[PDB]
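Peer 1: Sequence isn't available, so here's the structure alone:
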């Protein structure tokens, strides 16, 4: 019953680790374009 | 010794979960700067 409890919590925490990194990627994905579009902004304002 | 293992990974269940609630809370907060910035480029792009 220990080795069940390690595993059923273990089958919980491993897919939860997928839910973090999936949410972690969507954080860095939206920040990267903000890192791009701000760099797109000040380059365009340099031209004006 | 079986029971404290539950508490330590349950703390890992918690701290990974509050990290997700932290990270998803950026995903709107970072997005507020995006609609701030993407509005600003479209103002300047017509102005150029």
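Peer 2: Everything's here; your move. Residues are numbered from 1 along each chain as shown, chains lettered A, B, ... in the order given.
Peer 1: Residue A:39: which element?
Peer 2: Per DSSP states H and E: residue A:39 is located in helix A:2-47.
Peer 1: Tell me which other helices or strands that helix touches.
Peer 2: Judged by 3 or more Cβ pairs under 8 Å, 6 or more residues apart in numbering or on different chains; DSSP states H and E, the packing partners of helix A:2-47 are helix B:3-47. Where C-beta positions appear, they are placed from N, C-alpha and C, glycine not excepted.
Peer 1: how far off helix A:2-47 does the helix it packs on point, in degrees?
Peer 2: Interaxial angle, helix B:3-47 versus helix A:2-47 (axes from the mean of the first three to the mean of the last three Cα atoms, to 10 degrees): 20 degrees.
Peer 1: Please list all residues in contact with residue A:2.
Peer 2: With contact taken as Cβ atoms under 8 Å, 6 or more residues apart in numbering or on different chains, residue A:2 is in contact with residue B:2.
Peer 1: meant to ask about residue A:47, not that
Peer 2: Contacts for residue A:47 (Cβ under 8 Å, 6+ apart) come out as residue B:48.
Peer 1: The same query, at a cut-off of 10 Å, please.
Peer 2: B:44, B:48 (Cβ atoms under 10 Å, 6 or more residues apart in numbering or on different chains).
Peer 1: And it, how close does it get to residue A:40?
Peer 2: Using Cβ to Cβ, to the nearest Å, residue A:47 is found at 11 Å from residue A:40.
Peer 1: Find the nearest non-adjacent residue to the residue positioned nearest the centre of chain A, please.
Peer 2: Nearest to the mean C-alpha position of chain A, counting by Cα atoms, centre = their mean, stands residue A:24 at 1.6 Å. Excluding the flanking residues, the one nearest residue A:24 by Cβ to Cβ, 6 or more residues apart in numbering or on different chains is residue B:23, at 5.9 Å.
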